[PDB]
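Results of the structural survey
Okay, here's what each chain looks like letter by letter:
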Amino acid sequence: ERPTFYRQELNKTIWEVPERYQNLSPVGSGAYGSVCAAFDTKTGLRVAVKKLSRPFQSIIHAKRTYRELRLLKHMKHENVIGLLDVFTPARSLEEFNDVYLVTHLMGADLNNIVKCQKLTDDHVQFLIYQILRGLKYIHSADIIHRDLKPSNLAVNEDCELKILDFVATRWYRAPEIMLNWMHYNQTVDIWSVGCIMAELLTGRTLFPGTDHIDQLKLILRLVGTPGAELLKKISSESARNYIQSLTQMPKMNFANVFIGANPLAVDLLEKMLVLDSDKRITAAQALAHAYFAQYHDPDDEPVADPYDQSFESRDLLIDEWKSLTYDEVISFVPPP
Ligand SMILES: CN1CCN(c2cc(-c3ccncc3)c(-c3ccc4ccccc4c3)nn2)CC1
Ligand SMILES: CN1CCN(c2cc(-c3ccncc3)c(-c3ccc4ccccc4c3)nn2)CC1
Ligand SMILES: Fc1ccc(-c2n[nH]cc2-c2ccncc2)cc1
Ligand SMILES: [Cl-]
């Protein structure tokens, strides 16, 4: 049945967890929750435990908590962060106030590595391959990450990588988002991967915009201003007006700009950093690119089971979201 919990204070934050998790030590605190590293006595593993912050403070938080838990329960893939456990010290629904999440402890993030070292081409291949392999899986479930950036990619000393949260976010954001298009597709993530890869190859942020306008200017400076086919797809009169009012600029030659890099890496960047999102390479297609010949195995790049996102369009009471979250905590089945 229920296990025994113990209590402690870590950085002005209260942590009430089962006895199986020991030696809690803070790893960091996000705007959405705090994280502690710990030892899982039952498995002999190092784990990271995240305590959600104010999970049911409002309808927005409640829905976000539910979303997070449903997503995490669904993700089962080597390159996507998954759930080893989820628990609450509450014995019933009426006293339900806190949600704790548990996953494999990861030593660092990709931002921590690119700052210290400049990666070899072999490392760039394996890291990007892993990102795409994870993204193929996520995209197959009709999910869009939307916020890929180095700091959201967890990496261990072994160069194994996992996508988390599914250096300014803005720098890795697709241009169509800077234009406020409300019908962007899963290819916004491919754009972010392009930005991440370029940075791994050159050691420098590809588009360090200071605001949305500047960000767009830096982008068009590299890939050129929109051609006629892309202009026809812009419904926003003001955005269309703005873009056409800019001084036209030609697409730069990627081979010149990234000269020194492996020509295959360059070819791929060019397929990812396409201005028109309908023409960007998909994660599945990218995995087959010759740049990943040493890693690509079509029989081991799985797709996800269907993911029901219908709850996203629902308008429920806080207690309803809280109760749905509770059922999801109770029905959780740990991995093998
Ligand atoms: C109130 N009693 C029972 C609960 N307590 C526990 C339980 C465990 C435990 C852990 C995992 N599964 C079941 C029970 C442990 C425990 C069990 C094993 C451990 C191994 C290495 C280091 C610390 C360890 C702590 N300690 N107190 C305190 C005394
Ligand atoms: C700037 N980045 C830094 C790292 N971030 C993280 C890291 C982790 C983490 C840390 C260490 N090992 C594994 C993961 C987590 C984290 C920590 C614990 C988790 C438990 C269950 C499910 C997901 C979890 C995610 N969140 N943001 C986001 C902000
Ligand atoms: F300047 C730009 C930058 C990006 C785009 C863009 N790429 N893919 C889709 C779009 C787009 C942007 C706005 N509205 C529809 C489509 C269009 C113009
Ligand atoms: Cl954090």
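About the criteria used
Residues numbered from 1 in each chain as written, not as in the entry; some residues may be left out. Chains lettered and ligands numbered in written order. Heavy atoms only, no water. Pairing = 2+ DSSP bridges. Helix = DSSP H or I, 4+ residues; strand = E, 2+ residues; numbered from the N terminus. Contact = heavy atoms within 4.5 Å. Axes fitted to C-alpha atoms, helices over the stretch in contact; angles between N-to-C directions. Buried < 20%, exposed > 50% of the residue type's maximum accessible area, 1.4 Å probe, protein only. Polar contact = N/O pair within 3.5 Å; in protein donor to acceptor, adjacent residues only side chain to side chain.

As summarised from the PDB record, the model derives from X-ray crystallography at a stated resolution of 2.06 Å.

The PDB entry annotates the protein as Mitogen-activated protein kinase 14 originating from Homo sapiens. The PDB lists this entry under the title "Crystal structure of p38 alpha MAP kinase in complex with a novel isoform selective drug candidate".

On to the sheet that holds strand β10 (residues 161-163), then. In spatial order, the strands read β8-β9-β10; together these 3 strands make up an open sheet with antiparallel pairing. What marks the edges here is a single partner per strand, and that holds for β8 (108-109) and β10. In the sheet, β8 pairs with strand β9 (residues 153-155) via 2 bridges, with the strands oriented antiparallel. Bridging from a neighbouring strand, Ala108 pairs with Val155 of β9. Taken strand by strand, helix α3 (residues 121-140) contacts β9 and β10, and its axis lies near 35° from that of β10.

A few words now on the environment of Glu199. With respect to the element layout, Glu199 can be found in helix α5 (residues 188-202). For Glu199, a relative accessible area of 3% translates into the label buried. Spatially, the C-alpha atom of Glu199 lies 32 Å from that of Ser238, the residues being 39 residues apart in sequence. Those residues within four positions of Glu199 in sequence are excluded, and the remaining contacts are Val114, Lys115, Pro150, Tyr172, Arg204 and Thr205. At 2.5 Å, the side chain of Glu199 and the side chain of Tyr172 are in polar contact.

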